[PDB]
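A single chain, nothing else alongside it, follows as structure tokens in the form solved without the named molecule.
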């Protein structure tokens, strides 16, 4: 169904561009023709929310979006994330100095062929681990808030953040979305989701199917099979019903998977089925 991200209405089934790049999201995709076809099919299928980044295989994924879809319809929101850069070892490195953040916003503009960015996520990276960790994001966000004032960024969002950091952030600028690790398993952000929901702020789970145990995965496949659905389709359908402020950005290099992802909007999840799925993380 739909949600208002910033000032643009988006279809809650969106498209994550992360697969349109070589392995490790690094360098060119296997087949740029297929990349182009997938983006175009996505819009044809009703996608109007595309999630991307200029540190995806750096620069290449943005340029493919541009080749494939420019000039973009009024309908399309392109969300990009800054705050990291790509080492030449394909590592993901913190890049949140004022110069780096400005450079990141600048590359996005040139590679997407835009004058202004609809939504820009600050991808927070506190500490040595690979998820949300506490630490002030004010310095980084302030730099973003200024590019918003200079008219280069329309709306500001957050990726990989604690509830505290979200609170901090909202004192500095308006936050239209939070993009975190979350799915049927990993539900630590449950309360934040509902809280954000109350304030009309979107929540954007990274990966519908990341990190399931054999048994968790096995329970999902059971459920999917009974419904004649794919586990990814059940994963997505569950995410959609879980909360009205949730926006999905599943990524794929494949038209078939794009098609079956989009079909998830039709997948009806019974209350009985919901009982089984709600118990997977417990």
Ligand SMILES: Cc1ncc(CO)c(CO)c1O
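Positions refer to the first chain, counted from 1.
- The mean Cα B-factor in the deposited entry runs higher for 126-134 than for the other of 126-134 and 181-189.
- In this entry, 221-229 has the higher mean Cα B-factor, the comparison being between 47-55 and 221-229.
- Comparing the C-alpha B-factors of 269, 258, 13, 20 in the entry, the top value falls on 269.
- Among the modelled residues of the chain, residue 113 sits in the lowest third by CA temperature factor in this PDB entry.
- When the CA B factors of the chain's modelled residues are split into thirds, the value for residue 34 lands in the middle one.
- Ranked by Cα temperature factor within the chain, residue 87 sits in the highest third according to the deposited record.
- Residue 26: CA B factor lies in the highest third for its chain, per the PDB record.
- When the modelled residues of the chain are ordered by their C-alpha B factor, residue 163 lands in the middle third.
Beyond what is shown, the protein has a form solved in complex with the named molecule; the following relates to that form.
- No atom of the named molecule, overlaid from where it sits in the bound PDB entry, falls within 2.4 angstroms of a backbone or C-beta atom of the displayed form, which makes the pocket open.
- Among the residues 84, 112, 176, 143, the one placing a heavy atom within 4.5 Å of the named molecule in the bound PDB entry is 84.
- Between 53-61, 221-229, 39-47, 66-74, the stretch whose residues reach within 4.5 angstroms of the named molecule in the bound PDB entry through a non-hydrogen atom is 53-61.
- In the bound PDB entry, residue 18 approaches the named molecule with a heavy atom inside 4.5 Å.
- Contact between residue 155 and the named molecule in the bound PDB entry is not found at the 4.5 Å heavy atom cutoff.
- In the bound PDB entry, just one residue of 89-105 lies within 4.5 Å of the named molecule by at least one heavy atom: 92.
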